[PDB]
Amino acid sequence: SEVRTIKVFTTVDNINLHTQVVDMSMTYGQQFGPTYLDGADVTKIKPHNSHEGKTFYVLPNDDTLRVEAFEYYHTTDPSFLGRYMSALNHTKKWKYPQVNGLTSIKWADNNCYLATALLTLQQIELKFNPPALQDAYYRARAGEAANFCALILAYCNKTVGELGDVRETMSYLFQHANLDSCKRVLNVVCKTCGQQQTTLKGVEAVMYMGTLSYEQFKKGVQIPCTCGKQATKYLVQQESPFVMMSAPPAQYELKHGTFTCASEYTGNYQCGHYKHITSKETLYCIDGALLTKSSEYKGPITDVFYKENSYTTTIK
């Protein structure tokens, strides 16, 4: 039969595009392997006339693409791009509305934990290592968080419609960002066993699991010592742009101006709902596209963020 072809662009980073000639008789999958147009899988679909000019994503099948893919995503997981494209198909459909001057996500596909995380990332200082995140992030701040959310699902290995832990999610994001300059100095004191001082750098220097109160952490928190007689851990020094204090959800009261933002989780383990509370002129509770405003907030808080620069204890 007659041979008909169009020119298109393949890519892995939608930054470097390589001109290709495709045969309409054959499916895209036969010609380039797995292929995706805006997350849409066209691997088993024959080319149309409309497809001409358009940019398709493909798996790296040569050293050039593998090098290009690694530079953009700081990863070599063969499934990665398929998952990022799979998530993207769904994420584009979501509506991201600007709520209180910050981009958020109207609820769908259990996206409540992402919206919450996304609002958090707009309020704190974070330089992502991989250009893929840097780039999607910049656009996410502008009001187009589709790719940023898609990349987050691909990076966090989550499937659309599956709920996720906001702390676990942010832990992954920090692991892929520049926190090398972050430093923490915790002193532990036992009446029996003495004082032991430890230094934490990187993610371990901004996240903490067991209290929501930054001030409590500074005053000191009781922890079980090796001996079996309880000992007190307290914060001696903190160099970081923020800190994340996390604990199992409990009834907490947030006062205006004493924090940056918290994550409220209501419901049972792994099947709850997430709401975002921010401190500005007054307290702001952001639930999807819904916004509530109040002077005082009492709810089951599980994560609190606090902007910080340099802090040193006045203890001893």
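For every residue, the number given is its place in the sequence shown, counted from 1.
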Higher of the two mean Cα B-factors (29-37, 266-274; per PDB record) comes from 29-37
Mean Cα B-factor check, 145-153 vs 228-236, entry values; winner is 228-236
Of the residues 179, 243, 105, 136, the one whose Cα carries the largest B-factor in the deposited record is 179
For 247, 286, 261, 69, the deposited C-alpha B-factor is largest at 69
Residue 313: CA temperature factor from the record, placed by chain third, in the middle
Tertile call for residue 302 (CA temperature factor, within chain, third-based) is the lowest
So, residue 97's CA B-factor, relative to its chain, sits in which third? The lowest
On the chain's distribution of Cα B-factors, residue 109 falls within the third called lowest
Of the three thirds of the chain ranked by Cα temperature factor, residue 80 occupies the middle
